[PDB]
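Enquirer: Attaching a single structure in structure tokens format; questions to follow.
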Amino acid sequence: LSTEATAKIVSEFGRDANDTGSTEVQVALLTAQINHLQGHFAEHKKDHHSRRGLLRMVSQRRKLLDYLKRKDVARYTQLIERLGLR
RNA sequence: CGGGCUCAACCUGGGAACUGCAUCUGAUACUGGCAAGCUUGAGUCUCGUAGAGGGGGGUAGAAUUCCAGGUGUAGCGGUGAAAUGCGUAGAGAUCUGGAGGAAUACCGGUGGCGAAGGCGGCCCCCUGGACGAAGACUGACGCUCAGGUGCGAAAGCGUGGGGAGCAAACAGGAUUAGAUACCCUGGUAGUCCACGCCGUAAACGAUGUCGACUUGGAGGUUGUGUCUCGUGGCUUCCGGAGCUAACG
RNA sequence: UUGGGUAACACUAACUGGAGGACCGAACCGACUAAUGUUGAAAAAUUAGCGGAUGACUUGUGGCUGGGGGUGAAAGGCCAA
RNA sequence: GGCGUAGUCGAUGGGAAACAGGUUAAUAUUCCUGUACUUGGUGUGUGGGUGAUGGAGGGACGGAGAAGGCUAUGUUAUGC
RNA sequence: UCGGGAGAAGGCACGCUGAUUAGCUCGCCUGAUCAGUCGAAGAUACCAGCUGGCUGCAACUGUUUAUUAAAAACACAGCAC
RNA sequence: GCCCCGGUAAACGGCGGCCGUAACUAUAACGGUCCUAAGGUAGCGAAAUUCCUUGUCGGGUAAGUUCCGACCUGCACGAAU
């Protein structure tokens, strides 16, 4: 994942200015990384190592979302709607 | 504690502590719940660093063997010593050429890296971790972590391929009182490649991880610095206090 | 295929789909045990049972290969009773 | 007596064209009645180009599962 | 070989009659409810697995003596030279 | 081409006998001694492939030359005969 490709995805999801660590922001990076990793599965069916690496990349997201929907349900439906998870 | 049956066991009277639970009231520092709010943490960001870290493909040289040619002697090979064996239609030794398989000098190191297993002839691609500086960011989003999940030498196993060398089992020659050992001549699986599986081990530094704290000296790897020295991380040795049954 | 748990590997539930020289069978196929029959129509049939049953199946017509032959998943089996 | 080319032969399969009705002691989508259709030849008219052999659709429309439409008939109706 | 084995096994109900409910557009379609009631027997008249255990052999379907043996015989995918 | 030597047993095959140690007795087990080189350890074995053998121990049964398990010197069982 390129630098600008990461700094741009954080801005489009950033709640406010300079927003780097947020529920909707974090999940954004994770989702992205997951998309690239999942696509990495379509090929190299042998890469069992990186396979494990996703269990967490998502367990974090699945936990962040669980935390989001738990506190604010509005920010939830909006987040998923923007990304496209579930 | 006192008293009663001659004592005691036993028993009586009184007293105290008396947990636990119900009711009412109060405090509320700490834990919990709700609401709001700061950076020196963790993580992250920016700029840099060392390395045999992992996966795929390609590639070089030396050596062993086989095949072809030349030459060529009478032996060569091999051992503690020999023999089997190979050789005058020409082995060995030697030169040239070709094919194939496996692992890969000087540098390598007492070095370095990876989470571990492991990983260095070299090159490229893909990908994990960690360290230093600026101290900027989120703003504590931390640490650990039953279960779960993945990884995990070698050996061995399934299918296909390959197979130079080496080599369990195995076929012989020696040694020996006997050797179904060591030594020697052959030799299958395997050792190798692709894929699937097993999941174990001195998987050992045999001292799980994280943070704080406690004299220093010396050698080495790496970043930075006002670099005959200061400082951060890593790898050894000797050691203060202290710790240990002892070794340490 | 859908839904759910999971990162994935995959798993579970439901649904769909329905293969399989598979099982029961219409028509029928095969045919172990006995009796009848045994100068039966004659070149081997009847009865009571019994077993297996969409395929490498069954069948009509036409055509091809012949004797020491061919053929034969070899039984010395078959090649016009 | 046998192996390639040109020709031909080989399955009432393939194969251009009609049904309905009536009639005989015995026959028929062949007789009769009505109607339809095909091929070949010629031409009155319309119309104003008439063609082996290989190749095209076509005939090889094959196997398995199956929806829907659907006939007369039958039936509900003891309707006509 | 989780495909299966399994209509395993085992047990109950299953008649008629009256009045109704549900599914569907409807059926002279289907699934049920309540009450009454007769026989020894209600799938009372048309088919039709008996079940279970141990052991020998071959794997199985299939093939084989058209006229006495289909059997542990033959073949078969697979493995090897 | 063959005699020559060597390789090959998924080549036709061969695998007898004896003593000691040791047990209450018999056998198995181990080594040797001899013959013809080895003499058999995986499994499993008197098994449809062993005479002797209705072999020995035993299950099971009132009893079973049947069968199953074990031992097993394997007359003339044993490796894709």
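Just so we're on the same page: first chain in the structure tokens is A, next is B, and so on; residues restart at 1 for each chain, and ligands are numbered from 1 in the order they show up.
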Counting only C-alpha atoms (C1' of nucleotides), collect the residues of chain B whose closest atom lies at most 7 Å from chain A, and write them out as a list in words.
Expert: residues 137, 138, 150 and 151 of chain B
Enquirer: The selected residues should be written to file as a PDB file, in the first residue's frame (atoms: C-alpha atoms (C1' of nucleotides)).
Expert:
ATOM      1  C1'   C B 137      -0.489  12.615  15.537  1.00  0.00           C
ATOM      2  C1'   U B 138      -4.520   9.669  17.518  1.00  0.00           C
ATOM      3  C1'   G B 150      -1.808 -20.125  12.210  1.00  0.00           C
ATOM      4  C1'   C B 151       3.164 -21.303  11.919  1.00  0.00           C
TER       5        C B 151
END
Enquirer: Can you pull out every residue within 8 Å of residue 113 (chain B), counting only C-alpha atoms (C1' of nucleotides), but drop anything in the same chain fewer than 5 positions away, and send it as a ChimeraX atom specification?
Expert: /B:51-53
Enquirer: Show which residues sit within 8 Å of region 39-49 of chain F, as an NGL selection string. Count only C-alpha atoms (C1' of nucleotides), and ignore same-chain residues fewer than 5 positions away.
Expert: :F and (15 or 55 or 72 or 77)
Enquirer: For the residues in that selection, give me N, CA and C atoms (P, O5', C5', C4', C3', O3' and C1' of nucleotides) as a PDB file, in the first residue's frame.
Expert:
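Output file result34.pdb follows:
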ATOM      1  P     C F  15      13.702 -78.892   0.428  1.00  0.00           P
ATOM      2  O5'   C F  15      14.240 -77.706   1.347  1.00  0.00           O
ATOM      3  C5'   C F  15      15.438 -77.858   2.102  1.00  0.00           C
ATOM      4  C4'   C F  15      15.479 -76.850   3.225  1.00  0.00           C
ATOM      5  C3'   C F  15      14.194 -76.705   4.019  1.00  0.00           C
ATOM      6  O3'   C F  15      14.083 -77.731   4.995  1.00  0.00           O
ATOM      7  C1'   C F  15      15.070 -74.564   3.522  1.00  0.00           C
ATOM      8  P     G F  55      -6.609 -83.382  14.730  1.00  0.00           P
ATOM      9  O5'   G F  55      -5.535 -83.519  15.897  1.00  0.00           O
ATOM     10  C5'   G F  55      -4.733 -84.690  16.020  1.00  0.00           C
ATOM     11  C4'   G F  55      -3.362 -84.333  16.544  1.00  0.00           C
ATOM     12  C3'   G F  55      -3.361 -83.531  17.833  1.00  0.00           C
ATOM     13  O3'   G F  55      -3.483 -84.400  18.950  1.00  0.00           O
ATOM     14  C1'   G F  55      -1.864 -82.545  16.286  1.00  0.00           C
ATOM     15  P     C F  72       5.546 -70.457  18.116  1.00  0.00           P
ATOM     16  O5'   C F  72       5.475 -71.764  17.212  1.00  0.00           O
ATOM     17  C5'   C F  72       5.871 -73.033  17.728  1.00  0.00           C
ATOM     18  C4'   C F  72       5.364 -74.140  16.836  1.00  0.00           C
ATOM     19  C3'   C F  72       5.748 -74.022  15.371  1.00  0.00           C
ATOM     20  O3'   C F  72       7.028 -74.603  15.143  1.00  0.00           O
ATOM     21  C1'   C F  72       3.433 -74.472  15.547  1.00  0.00           C
ATOM     22  P     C F  77       3.786 -79.239   2.867  1.00  0.00           P
ATOM     23  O5'   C F  77       2.898 -78.393   1.854  1.00  0.00           O
ATOM     24  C5'   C F  77       3.486 -77.344   1.104  1.00  0.00           C
ATOM     25  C4'   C F  77       2.669 -76.088   1.234  1.00  0.00           C
ATOM     26  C3'   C F  77       3.469 -74.818   1.016  1.00  0.00           C
ATOM     27  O3'   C F  77       3.524 -74.516  -0.372  1.00  0.00           O
ATOM     28  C1'   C F  77       2.104 -74.611   2.955  1.00  0.00           C
TER      29        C F  77
END
Enquirer: Would you mind listing what lies within 10 Å of region 53-68 of chain E as a PyMOL selection string, with only C-alpha atoms (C1' of nucleotides) counted and same-chain residues fewer than 5 positions away left out?
Expert: (chain C and resi 21-22+43-44+56+73+75+77+81) or (chain E and resi 73-76) or (chain F and resi 48+67-68)
Enquirer: Include C-alpha atoms (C1' of nucleotides) and write out the residues we just selected as a PDB file, in the first residue's frame.
Expert:
ATOM      1  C1'   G C  21     -22.769 -50.995 -15.708  1.00  0.00           C
ATOM      2  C1'   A C  22     -27.726 -48.560  -8.307  1.00  0.00           C
ATOM      3  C1'   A C  43     -33.712 -81.971 -30.781  1.00  0.00           C
ATOM      4  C1'   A C  44     -35.313 -80.626 -24.300  1.00  0.00           C
ATOM      5  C1'   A C  56     -20.891 -53.210 -21.581  1.00  0.00           C
ATOM      6  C1'   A C  73     -12.396 -62.090 -20.947  1.00  0.00           C
ATOM      7  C1'   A C  75     -14.830 -73.154 -21.400  1.00  0.00           C
ATOM      8  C1'   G C  77     -15.695 -73.443 -25.325  1.00  0.00           C
ATOM      9  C1'   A C  81     -29.614 -78.608 -33.450  1.00  0.00           C
TER      10        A C  81
ATOM     11  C1'   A E  73     -14.596 -70.181 -12.280  1.00  0.00           C
ATOM     12  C1'   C E  74     -14.196 -65.741 -15.773  1.00  0.00           C
ATOM     13  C1'   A E  75     -13.839 -60.258 -16.332  1.00  0.00           C
ATOM     14  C1'   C E  76     -13.146 -55.413 -14.185  1.00  0.00           C
TER      15        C E  76
ATOM     16  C1'   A F  48      -9.082 -74.576   0.404  1.00  0.00           C
ATOM     17  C1'   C F  67     -15.784 -73.447  13.301  1.00  0.00           C
ATOM     18  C1'   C F  68     -12.833 -69.459  15.786  1.00  0.00           C
TER      19        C F  68
END
Enquirer: From a backbone DSSP assignment, name each residue in region 8-38 of chain A labelled helix (DSSP H, G or I), as a PyMOL selection string.
Expert: chain A and resi 8-13+23-38
Enquirer: What's the 12 Å shell around residue 210 (chain B), counting only C-alpha atoms (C1' of nucleotides), without same-chain residues fewer than 3 positions away, as a list in words?
Expert: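 Residues meeting the cut-off are residues 142, 143, 144 and 145 of chain B.
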Enquirer: Env of region 36-38 of chain D: 8 Å cut, atoms = only C-alpha atoms (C1' of nucleotides), seq-sep filter 3 positions within chain, self excluded. Answer as a PDB file with N, CA, C and O atoms (P, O5', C5', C4', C3', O3' and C1' of nucleotides), in the first residue's frame.
Expert:
ATOM      1  P     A D  16     -38.530 -36.574 -51.885  1.00  0.00           P
ATOM      2  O5'   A D  16     -39.486 -35.747 -52.851  1.00  0.00           O
ATOM      3  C5'   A D  16     -40.897 -35.873 -52.748  1.00  0.00           C
ATOM      4  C4'   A D  16     -41.583 -34.903 -53.682  1.00  0.00           C
ATOM      5  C3'   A D  16     -43.098 -35.002 -53.673  1.00  0.00           C
ATOM      6  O3'   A D  16     -43.626 -34.206 -52.620  1.00  0.00           O
ATOM      7  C1'   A D  16     -42.318 -34.997 -55.906  1.00  0.00           C
ATOM      8  P     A D  17     -44.572 -34.880 -51.511  1.00  0.00           P
ATOM      9  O5'   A D  17     -46.030 -34.763 -52.134  1.00  0.00           O
ATOM     10  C5'   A D  17     -46.645 -33.491 -52.315  1.00  0.00           C
ATOM     11  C4'   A D  17     -47.848 -33.625 -53.216  1.00  0.00           C
ATOM     12  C3'   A D  17     -48.826 -34.714 -52.808  1.00  0.00           C
ATOM     13  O3'   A D  17     -49.741 -34.223 -51.837  1.00  0.00           O
ATOM     14  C1'   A D  17     -48.335 -34.921 -55.109  1.00  0.00           C
ATOM     15  P     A D  18     -50.057 -35.099 -50.527  1.00  0.00           P
ATOM     16  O5'   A D  18     -51.019 -36.252 -51.059  1.00  0.00           O
ATOM     17  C5'   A D  18     -52.020 -35.971 -52.031  1.00  0.00           C
ATOM     18  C4'   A D  18     -53.310 -35.589 -51.351  1.00  0.00           C
ATOM     19  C3'   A D  18     -53.993 -36.696 -50.564  1.00  0.00           C
ATOM     20  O3'   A D  18     -53.436 -36.805 -49.258  1.00  0.00           O
ATOM     21  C1'   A D  18     -55.583 -35.595 -51.924  1.00  0.00           C
ATOM     22  P     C D  19     -53.910 -37.994 -48.288  1.00  0.00           P
ATOM     23  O5'   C D  19     -54.943 -37.287 -47.305  1.00  0.00           O
ATOM     24  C5'   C D  19     -56.160 -37.926 -46.935  1.00  0.00           C
ATOM     25  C4'   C D  19     -57.239 -36.894 -46.709  1.00  0.00           C
ATOM     26  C3'   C D  19     -58.629 -37.450 -46.448  1.00  0.00           C
ATOM     27  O3'   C D  19     -58.801 -37.765 -45.071  1.00  0.00           O
ATOM     28  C1'   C D  19     -58.756 -35.761 -48.096  1.00  0.00           C
TER      29        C D  19
END
